[PDB]
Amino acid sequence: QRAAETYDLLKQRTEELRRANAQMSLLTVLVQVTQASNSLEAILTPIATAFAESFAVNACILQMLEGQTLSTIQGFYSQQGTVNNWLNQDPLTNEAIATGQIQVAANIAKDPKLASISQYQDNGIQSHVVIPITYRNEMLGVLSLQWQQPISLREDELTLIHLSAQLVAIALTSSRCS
């Protein structure tokens, strides 16, 4: 009966509601973190951590740029006992820096330009998204999201990444104000 296709539509709304709330929650935390810090360095790990929890990553790295080189300045989170930063050796990151575009590798085994990279293999990284962090046209850094399984991002998750990163860029650019 059409009263069973109402369980199909409440179960649908609630999931959408759940999703929308989780989006709001990430944006809320990013604003809070920005307001509570007093320097750029204090803000980095908290931001990485915020993305890590939102996207259930194995690891997240937020790394600053000087021109088009990765800075030593960075913040990070990992479920592992150590964070292994090999982004300077990463084709995916290198394409992000060059093109100013989000780069999505949903399944490493399939990008042949990525499948044979020792670092992806030894860290067990099977999906990777890297997004430049750009304020106006100034690229301030990159944010890397890493998982040990292949992912399949929804439309809403990609919108959230685009907006998130954009907010983060507003955030970093203000943090440099003494």
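For every residue, the number given is its place in the sequence shown, counted from 1.
J.: Between 8 to 16 and 163 to 171, point out the one with the higher average CA B-factor as the PDB entry records it.
T.: In the deposited entry, the stretch with the higher C-alpha B-factor mean is 8 to 16.
J.: Averaging only over Cα atoms, indicate whether 144 to 152 or 36 to 44 has the higher B-factor in the PDB entry.
T.: The entry gives the higher C-alpha B-factor average to 36 to 44.
J.: Which one of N58, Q126, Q68, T49 shows the top CA temperature factor in the record?
T.: The record points to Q68.
J.: By the CA temperature factor listed in this entry, which of these ranks top: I133, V31, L62, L114?
T.: Answer for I133, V31, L62, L114: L114, with the highest C-alpha B-factor.
J.: Among the modelled residues of its chain, does the C-alpha B-factor of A105 lie in the lowest, middle or highest third?
T.: Ranked within chain, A105 CA B lands in the lowest tercile.
J.: State the tercile, meaning the lowest, middle or highest third, of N88 with respect to the CA B-factors recorded for its chain.
T.: As the PDB entry reports it, the C-alpha B-factor of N88 lands in the highest third of its chain.
J.: Please say which third, lowest, middle or highest, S78 falls into when its CA temperature factor is compared across its chain.
T.: Lowest third - that is where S78 ends up once the chain's C-alpha B-factors are sorted.
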